[PDB]
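Source file: work.cif (mmCIF, C-alpha atoms; chains and numbers go by the auth columns)
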```cif
data_run
#
loop_
_atom_site.group_PDB
_atom_site.id
_atom_site.type_symbol
_atom_site.label_atom_id
_atom_site.label_comp_id
_atom_site.label_asym_id
_atom_site.label_seq_id
_atom_site.Cartn_x
_atom_site.Cartn_y
_atom_site.Cartn_z
_atom_site.B_iso_or_equiv
_atom_site.auth_seq_id
_atom_site.auth_asym_id
ATOM 1 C CA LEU A 1 0.000 0.000 0.000 0.00 952 A
ATOM 2 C CA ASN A 2 2.881 2.390 0.731 0.00 953 A
ATOM 3 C CA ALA A 3 4.700 1.562 -2.522 0.00 954 A
ATOM 4 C CA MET A 4 1.422 2.065 -4.427 0.00 955 A
ATOM 5 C CA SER A 5 0.622 5.307 -2.599 0.00 956 A
ATOM 6 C CA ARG A 6 3.968 6.391 -4.045 0.00 957 A
ATOM 7 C CA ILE A 7 2.633 5.666 -7.547 0.00 958 A
ATOM 8 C CA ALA A 8 -0.589 7.484 -6.636 0.00 959 A
ATOM 9 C CA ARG A 9 1.412 10.576 -5.690 0.00 960 A
ATOM 10 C CA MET A 10 3.447 10.286 -8.897 0.00 961 A
ATOM 11 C CA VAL A 11 0.335 10.158 -11.089 0.00 962 A
ATOM 12 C CA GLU A 12 -1.135 13.047 -9.078 0.00 963 A
ATOM 13 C CA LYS A 13 1.985 15.073 -9.888 0.00 964 A
ATOM 14 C CA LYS A 14 1.715 14.147 -13.573 0.00 965 A
ATOM 15 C CA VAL A 15 -1.953 15.145 -13.789 0.00 966 A
ATOM 16 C CA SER A 16 -1.276 18.411 -11.945 0.00 967 A
ATOM 17 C CA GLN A 17 1.537 19.151 -14.406 0.00 968 A
ATOM 18 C CA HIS A 18 -0.755 18.462 -17.362 0.00 969 A
ATOM 19 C CA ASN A 19 -3.484 20.667 -15.867 0.00 970 A
ATOM 20 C CA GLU A 20 -0.912 23.445 -15.452 0.00 971 A
ATOM 21 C CA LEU A 21 0.139 23.019 -19.092 0.00 972 A
ATOM 22 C CA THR A 22 -3.490 23.185 -20.255 0.00 973 A
ATOM 23 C CA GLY A 23 -6.295 25.342 -18.861 0.00 974 A
ATOM 24 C CA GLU A 24 -6.764 23.045 -15.841 0.00 975 A
ATOM 25 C CA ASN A 25 -9.823 21.622 -17.586 0.00 976 A
ATOM 26 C CA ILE A 26 -9.812 18.046 -16.219 0.00 977 A
ATOM 27 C CA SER A 27 -9.507 16.244 -12.894 0.00 978 A
ATOM 28 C CA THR A 28 -7.815 12.904 -12.202 0.00 979 A
ATOM 29 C CA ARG A 29 -10.990 10.925 -12.952 0.00 980 A
ATOM 30 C CA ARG A 30 -11.367 12.547 -16.372 0.00 981 A
ATOM 31 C CA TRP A 31 -7.626 12.077 -16.882 0.00 982 A
ATOM 32 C CA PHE A 32 -7.989 8.321 -16.396 0.00 983 A
ATOM 33 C CA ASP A 33 -10.557 7.947 -19.200 0.00 984 A
ATOM 34 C CA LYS A 34 -9.098 10.521 -21.606 0.00 985 A
ATOM 35 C CA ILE A 35 -5.487 9.399 -21.066 0.00 986 A
ATOM 36 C CA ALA A 36 -3.830 6.166 -19.957 0.00 987 A
ATOM 37 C CA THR A 37 -0.269 5.321 -18.886 0.00 988 A
ATOM 38 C CA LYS A 38 -0.619 1.605 -18.081 0.00 989 A
ATOM 39 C CA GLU A 39 3.122 0.966 -17.706 0.00 990 A
ATOM 40 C CA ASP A 40 3.385 3.927 -15.318 0.00 991 A
ATOM 41 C CA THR A 41 0.658 2.503 -13.065 0.00 992 A
ATOM 42 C CA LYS A 42 2.428 -0.858 -12.693 0.00 993 A
ATOM 43 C CA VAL A 43 3.569 -0.558 -9.077 0.00 994 A
ATOM 44 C CA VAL A 44 6.681 -2.587 -8.249 0.00 995 A
ATOM 45 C CA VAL A 45 7.616 -2.758 -4.572 0.00 996 A
ATOM 46 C CA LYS A 46 11.243 -2.169 -3.586 0.00 997 A
ATOM 47 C CA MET A 47 12.258 -3.632 -0.210 0.00 998 A
ATOM 48 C CA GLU A 48 12.995 -0.123 1.062 0.00 999 A
ATOM 49 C CA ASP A 49 9.201 0.000 1.431 0.00 1000 A
ATOM 50 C CA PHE A 50 9.378 -3.236 3.455 0.00 1001 A
ATOM 51 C CA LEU A 51 12.082 -1.788 5.723 0.00 1002 A
ATOM 52 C CA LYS A 52 9.823 1.238 6.228 0.00 1003 A
ATOM 53 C CA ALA A 53 6.689 -0.802 6.996 0.00 1004 A
ATOM 54 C CA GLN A 54 8.348 -3.301 9.362 0.00 1005 A
ATOM 55 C CA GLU A 55 9.097 -0.449 11.797 0.00 1006 A
ATOM 56 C CA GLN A 56 5.386 0.377 12.178 0.00 1007 A
ATOM 57 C CA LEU A 57 3.425 -2.880 12.620 0.00 1008 A
ATOM 58 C CA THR A 58 2.606 -4.493 15.984 0.00 1009 A
ATOM 59 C CA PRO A 59 2.400 -8.222 16.741 0.00 1010 A
ATOM 60 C CA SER A 60 -1.096 -9.698 16.641 0.00 1011 A
ATOM 61 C CA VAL A 61 -0.769 -11.127 20.182 0.00 1012 A
ATOM 62 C CA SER A 62 0.931 -10.185 23.429 0.00 1013 A
ATOM 63 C CA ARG A 63 3.276 -12.452 25.367 0.00 1014 A
ATOM 64 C CA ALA A 64 0.453 -12.793 27.920 0.00 1015 A
ATOM 65 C CA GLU A 65 -1.852 -14.536 25.441 0.00 1016 A
ATOM 66 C CA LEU A 66 0.909 -16.501 23.732 0.00 1017 A
ATOM 67 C CA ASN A 67 2.113 -18.052 26.999 0.00 1018 A
ATOM 68 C CA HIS A 68 -1.516 -19.081 27.595 0.00 1019 A
ATOM 69 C CA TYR A 69 -1.740 -20.905 24.270 0.00 1020 A
ATOM 70 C CA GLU A 70 1.740 -22.389 24.830 0.00 1021 A
ATOM 71 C CA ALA A 71 0.546 -23.837 28.150 0.00 1022 A
ATOM 72 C CA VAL A 72 -2.612 -25.110 26.421 0.00 1023 A
ATOM 73 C CA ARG A 73 -0.448 -26.941 23.866 0.00 1024 A
ATOM 74 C CA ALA A 74 1.781 -28.278 26.668 0.00 1025 A
ATOM 75 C CA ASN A 75 -1.293 -29.686 28.410 0.00 1026 A
ATOM 76 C CA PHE A 76 -2.782 -31.247 25.276 0.00 1027 A
ATOM 77 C CA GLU A 77 0.420 -32.165 23.402 0.00 1028 A
ATOM 78 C CA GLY A 78 3.185 -32.286 26.022 0.00 1029 A
ATOM 79 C CA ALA A 79 1.599 -35.225 27.884 0.00 1030 A
ATOM 80 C CA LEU B 1 -25.465 32.590 24.953 0.00 922 B
ATOM 81 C CA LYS B 2 -23.836 35.163 27.239 0.00 923 B
ATOM 82 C CA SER B 3 -23.559 37.488 24.228 0.00 924 B
ATOM 83 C CA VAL B 4 -26.982 37.138 22.581 0.00 925 B
ATOM 84 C CA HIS B 5 -28.520 39.040 25.500 0.00 926 B
ATOM 85 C CA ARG B 6 -26.723 42.116 24.137 0.00 927 B
ATOM 86 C CA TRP B 7 -28.793 42.198 20.949 0.00 928 B
ATOM 87 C CA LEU B 8 -32.072 40.892 22.397 0.00 929 B
ATOM 88 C CA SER B 9 -32.188 41.958 26.053 0.00 930 B
ATOM 89 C CA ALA B 10 -30.005 45.009 25.307 0.00 931 B
ATOM 90 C CA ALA B 11 -29.629 45.750 29.040 0.00 932 B
ATOM 91 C CA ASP B 12 -33.331 46.734 28.702 0.00 933 B
ATOM 92 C CA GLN B 13 -32.055 50.114 27.446 0.00 934 B
ATOM 93 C CA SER B 14 -30.284 49.711 24.068 0.00 935 B
ATOM 94 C CA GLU B 15 -33.036 48.163 21.907 0.00 936 B
ATOM 95 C CA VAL B 16 -36.213 48.282 24.019 0.00 937 B
ATOM 96 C CA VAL B 17 -37.413 51.643 25.412 0.00 938 B
ATOM 97 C CA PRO B 18 -34.667 53.341 23.338 0.00 939 B
ATOM 98 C CA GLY B 19 -35.930 56.917 23.690 0.00 940 B
ATOM 99 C CA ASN B 20 -38.579 59.128 22.061 0.00 941 B
ATOM 100 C CA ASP B 21 -41.158 56.321 21.847 0.00 942 B
ATOM 101 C CA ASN B 22 -40.843 55.424 25.557 0.00 943 B
ATOM 102 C CA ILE B 23 -43.793 57.643 26.538 0.00 944 B
ATOM 103 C CA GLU B 24 -46.296 58.512 23.804 0.00 945 B
ATOM 104 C CA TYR B 25 -49.369 58.167 25.998 0.00 946 B
ATOM 105 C CA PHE B 26 -50.044 61.149 28.242 0.00 947 B
ATOM 106 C CA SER B 27 -49.444 61.661 31.968 0.00 948 B
ATOM 107 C CA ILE B 28 -51.636 58.957 33.493 0.00 949 B
ATOM 108 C CA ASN B 29 -53.365 60.249 36.627 0.00 950 B
ATOM 109 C CA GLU B 30 -56.812 58.600 36.564 0.00 951 B
ATOM 110 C CA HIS B 31 -55.358 55.332 37.890 0.00 952 B
ATOM 111 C CA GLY B 32 -52.061 54.143 39.325 0.00 953 B
ATOM 112 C CA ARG B 33 -51.416 51.618 36.541 0.00 954 B
ATOM 113 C CA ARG B 34 -48.065 52.862 35.229 0.00 955 B
ATOM 114 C CA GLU B 35 -45.811 50.096 33.870 0.00 956 B
ATOM 115 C CA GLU B 36 -48.274 47.363 32.889 0.00 957 B
ATOM 116 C CA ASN B 37 -50.468 50.096 31.392 0.00 958 B
ATOM 117 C CA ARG B 38 -47.709 51.403 29.122 0.00 959 B
ATOM 118 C CA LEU B 39 -46.680 47.856 28.192 0.00 960 B
ATOM 119 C CA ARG B 40 -50.259 47.039 27.169 0.00 961 B
ATOM 120 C CA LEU B 41 -50.524 50.251 25.144 0.00 962 B
ATOM 121 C CA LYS B 42 -47.211 49.503 23.418 0.00 963 B
ATOM 122 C CA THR B 43 -48.331 45.973 22.521 0.00 964 B
ATOM 123 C CA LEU B 44 -51.665 47.304 21.235 0.00 965 B
ATOM 124 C CA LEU B 45 -50.079 50.068 19.146 0.00 966 B
ATOM 125 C CA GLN B 46 -47.658 47.619 17.470 0.00 967 B
ATOM 126 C CA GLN B 47 -50.350 46.669 14.958 0.00 968 B
ATOM 127 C CA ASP B 48 -48.188 47.394 11.905 0.00 969 B
ATOM 128 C CA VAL B 49 -47.186 44.571 9.562 0.00 970 B
ATOM 129 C CA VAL B 50 -43.815 44.124 7.836 0.00 971 B
ATOM 130 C CA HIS B 51 -42.025 41.382 5.924 0.00 972 B
ATOM 131 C CA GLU B 52 -38.393 40.642 5.032 0.00 973 B
ATOM 132 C CA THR B 53 -37.254 43.152 7.674 0.00 974 B
ATOM 133 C CA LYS B 54 -33.601 42.259 7.201 0.00 975 B
ATOM 134 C CA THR B 55 -30.724 44.247 8.684 0.00 976 B
ATOM 135 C CA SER B 56 -26.941 43.851 8.795 0.00 977 B
ATOM 136 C CA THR B 57 -25.873 46.266 11.528 0.00 978 B
ATOM 137 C CA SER B 58 -23.408 43.596 12.690 0.00 979 B
ATOM 138 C CA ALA B 59 -19.810 43.666 11.480 0.00 980 B
ATOM 139 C CA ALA B 60 -20.237 40.936 8.851 0.00 981 B
ATOM 140 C CA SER B 61 -23.414 39.126 9.934 0.00 982 B
ATOM 141 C CA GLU B 62 -27.208 39.365 9.786 0.00 983 B
ATOM 142 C CA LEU B 63 -29.242 40.210 12.928 0.00 984 B
ATOM 143 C CA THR B 64 -26.673 39.272 15.561 0.00 985 B
ATOM 144 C CA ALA B 65 -24.373 40.726 18.213 0.00 986 B
ATOM 145 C CA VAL B 66 -20.822 39.522 17.576 0.00 987 B
ATOM 146 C CA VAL B 67 -19.173 38.134 20.704 0.00 988 B
ATOM 147 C CA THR B 68 -16.262 40.230 21.940 0.00 989 B
ATOM 148 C CA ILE B 69 -13.466 37.696 22.504 0.00 990 B
ATOM 149 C CA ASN B 70 -12.614 39.715 25.619 0.00 991 B
ATOM 150 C CA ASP B 71 -16.103 38.899 26.894 0.00 992 B
ATOM 151 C CA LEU B 72 -15.693 35.359 25.536 0.00 993 B
ATOM 152 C CA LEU B 73 -12.865 35.047 28.082 0.00 994 B
ATOM 153 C CA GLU B 74 -15.574 35.031 30.786 0.00 995 B
ATOM 154 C CA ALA B 75 -16.710 31.536 29.722 0.00 996 B
ATOM 155 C CA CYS B 76 -13.469 29.644 30.458 0.00 997 B
ATOM 156 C CA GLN B 77 -14.137 29.486 34.221 0.00 998 B
ATOM 157 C CA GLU B 78 -17.553 27.783 33.842 0.00 999 B
ATOM 158 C CA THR B 79 -17.129 24.884 31.392 0.00 1000 B
ATOM 159 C CA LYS B 80 -15.655 21.713 32.871 0.00 1001 B
ATOM 160 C CA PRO B 81 -13.428 18.837 31.723 0.00 1002 B
ATOM 161 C CA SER B 82 -13.706 15.077 32.117 0.00 1003 B
ATOM 162 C CA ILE B 83 -10.736 14.008 34.244 0.00 1004 B
ATOM 163 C CA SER B 84 -9.294 10.495 34.559 0.00 1005 B
ATOM 164 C CA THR B 85 -5.711 9.244 34.766 0.00 1006 B
ATOM 165 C CA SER B 86 -7.029 5.662 34.734 0.00 1007 B
ATOM 166 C CA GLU B 87 -7.835 6.108 31.028 0.00 1008 B
ATOM 167 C CA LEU B 88 -4.319 7.450 30.349 0.00 1009 B
ATOM 168 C CA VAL B 89 -2.784 4.396 32.047 0.00 1010 B
ATOM 169 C CA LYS B 90 -5.271 2.084 30.316 0.00 1011 B
ATOM 170 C CA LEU B 91 -4.321 3.298 26.821 0.00 1012 B
ATOM 171 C CA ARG B 92 -0.861 1.818 27.548 0.00 1013 B
ATOM 172 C CA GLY B 93 -2.255 -1.599 26.617 0.00 1014 B
ATOM 173 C CA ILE B 94 -4.368 -1.606 23.450 0.00 1015 B
ATOM 174 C CA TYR B 95 -1.396 -0.903 21.144 0.00 1016 B
ATOM 175 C CA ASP B 96 0.859 -3.947 21.830 0.00 1017 B
ATOM 176 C CA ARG B 97 1.076 -2.815 25.486 0.00 1018 B
ATOM 177 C CA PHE B 98 3.824 -0.445 24.216 0.00 1019 B
ATOM 178 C CA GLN B 99 6.132 -3.392 25.029 0.00 1020 B
ATOM 179 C CA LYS B 100 5.624 -6.034 22.321 0.00 1021 B
#
```
Can you present the structure in this file as structure tokens?
Amino acid sequence: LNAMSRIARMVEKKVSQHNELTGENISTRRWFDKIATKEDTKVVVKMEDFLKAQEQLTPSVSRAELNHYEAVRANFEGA
Amino acid sequence: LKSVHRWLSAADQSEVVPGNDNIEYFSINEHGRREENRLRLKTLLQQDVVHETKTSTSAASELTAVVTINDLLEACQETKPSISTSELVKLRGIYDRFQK
């Protein structure tokens, strides 16, 4: 989503530039039916994006819950 | 709220009983009815009809008394917060207990 937000910003810049060149007569929606840049829209993620994202996301469970499920397994599987 | 009384109530001197029209009846001496009498006569005499009586005496508004921010300062000592440190402590947990 971050890497594709980057492409969104890039296309926003392109459409703003075109609007500046012309009489600012079209929005992004009209731009996408009048004009198309398929290859430009092909988002390709570079792992820099991964190294950005990994700093921001929390684990889905705390140690408190995980120890609980570990004990559950120990009871049922440890024998 | 504290301000709207300026335009409507007008300290009972700035918009109501503003002057010349305060006493148009004569010196009442037949009976002691003084204030209620004049109020009744004023209500009765206000039989005129008008429509779209717009006015913009305000700075940039229609039919209102703009609040003086200096007077708005008088409202800070009345309104109240909701106070709890328990909530502050409790928010430690929902986001990975700020530990995991």
Selection under test: the PyMOL selection byres ((chain B and resi 1003-1015) around 12); residues as a ChimeraX atom specification: /A:1009-1013,1015 /B:1000-1002,1016-1021
Using only C-alpha atoms: which of A:1008, A:987, A:955, A:1025 has the shortest distance to chain B: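 With only C-alpha atoms as the atom set, the closest residue is A:1008.
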Reference answer for the PyMOL selection byres ((chain B and resi 987) around 12), as a CSV table (one decimal) with C-alpha atoms, in the frame of the given file:
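In the end it all went to out-v9.csv:
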```csv
chain,number,residue,atom,x,y,z
B,922,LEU,CA,-25.5,32.6,25.0
B,923,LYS,CA,-23.8,35.2,27.2
B,924,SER,CA,-23.6,37.5,24.2
B,925,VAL,CA,-27.0,37.1,22.6
B,926,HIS,CA,-28.5,39.0,25.5
B,927,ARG,CA,-26.7,42.1,24.1
B,928,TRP,CA,-28.8,42.2,20.9
B,977,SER,CA,-26.9,43.9,8.8
B,978,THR,CA,-25.9,46.3,11.5
B,979,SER,CA,-23.4,43.6,12.7
B,980,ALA,CA,-19.8,43.7,11.5
B,981,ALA,CA,-20.2,40.9,8.9
B,982,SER,CA,-23.4,39.1,9.9
B,983,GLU,CA,-27.2,39.4,9.8
B,984,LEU,CA,-29.2,40.2,12.9
B,985,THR,CA,-26.7,39.3,15.6
B,986,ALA,CA,-24.4,40.7,18.2
B,988,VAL,CA,-19.2,38.1,20.7
B,989,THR,CA,-16.3,40.2,21.9
B,990,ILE,CA,-13.5,37.7,22.5
B,991,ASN,CA,-12.6,39.7,25.6
B,992,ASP,CA,-16.1,38.9,26.9
B,993,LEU,CA,-15.7,35.4,25.5
```
One-decimal distance in Å that lies between atom CA of residue 983 of chain A and atom CA of residue 963 of chain A: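 Interatomic distance, atom CA of residue 963 of chain A to atom CA of residue 983 of chain A: 11.1 Å.
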Separation of atom CA of residue 932 of chain B from atom CA of residue 976 of chain B in Å: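 The value is 20.4 Å.
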When the PyMOL selection byres ((chain A and resi 975-982) around 12) is applied to the structure above, which residues does it catch, written out as a tab-separated table (two decimals) with C-alpha atoms, keeping the file's coordinate frame?
```tsv
chain	number	residue	atom	x	y	z
A	959	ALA	CA	-0.59	7.48	-6.64
A	960	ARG	CA	1.41	10.58	-5.69
A	962	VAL	CA	0.34	10.16	-11.09
A	963	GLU	CA	-1.14	13.05	-9.08
A	964	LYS	CA	1.98	15.07	-9.89
A	965	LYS	CA	1.72	14.15	-13.57
A	966	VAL	CA	-1.95	15.14	-13.79
A	967	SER	CA	-1.28	18.41	-11.94
A	968	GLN	CA	1.54	19.15	-14.41
A	969	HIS	CA	-0.76	18.46	-17.36
A	970	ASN	CA	-3.48	20.67	-15.87
A	971	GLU	CA	-0.91	23.44	-15.45
A	972	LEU	CA	0.14	23.02	-19.09
A	973	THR	CA	-3.49	23.18	-20.26
A	974	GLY	CA	-6.30	25.34	-18.86
A	983	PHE	CA	-7.99	8.32	-16.40
A	984	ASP	CA	-10.56	7.95	-19.20
A	985	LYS	CA	-9.10	10.52	-21.61
A	986	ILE	CA	-5.49	9.40	-21.07
A	987	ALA	CA	-3.83	6.17	-19.96
A	988	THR	CA	-0.27	5.32	-18.89
```
Please enclose the listed atoms of segment 1012-1022 of chain A in an axis-aligned box, pad each side by 4 Å, and write out the centre and the three edge lengths in Å, rounded to one decimal, as JSON.
```
{"center_x": 0.7, "center_y": -17.0, "center_z": 24.2, "size_x": 13.1, "size_y": 21.7, "size_z": 16.0}
```
Atomic separation - atom CA of residue 937 of chain B relative to atom CA of residue 970 of chain B, Å: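 Going from atom CA of residue 970 of chain B over to atom CA of residue 937 of chain B, I get 18.5 Å.
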Nearest to chain B by atom-to-atom distance, counting only C-alpha atoms, from A:999, A:1021, A:990, A:1016: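 Closest to chain B of all the choices is A:1016.
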Shell of 10 Å around residue 1001 of chain A, only C-alpha atoms, local chain residues under 4 positions omitted, as a VMD selection string: chain A and resid 953 to 954 996 to 997 1005 to 1006
Nearest residue to chain B from the set A:958, A:1017, A:992, A:1002 (distances using only C-alpha atoms):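 Going through A:958, A:1017, A:992, A:1002 one by one, the smallest distance to chain B is for A:1017.
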A:1007, A:961, A:1022, A:1028 ranked by distance to residue 994 of chain A, top pick (using all atoms listed in the file):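 Of all the options, A:961 lies closest to residue 994 of chain A.
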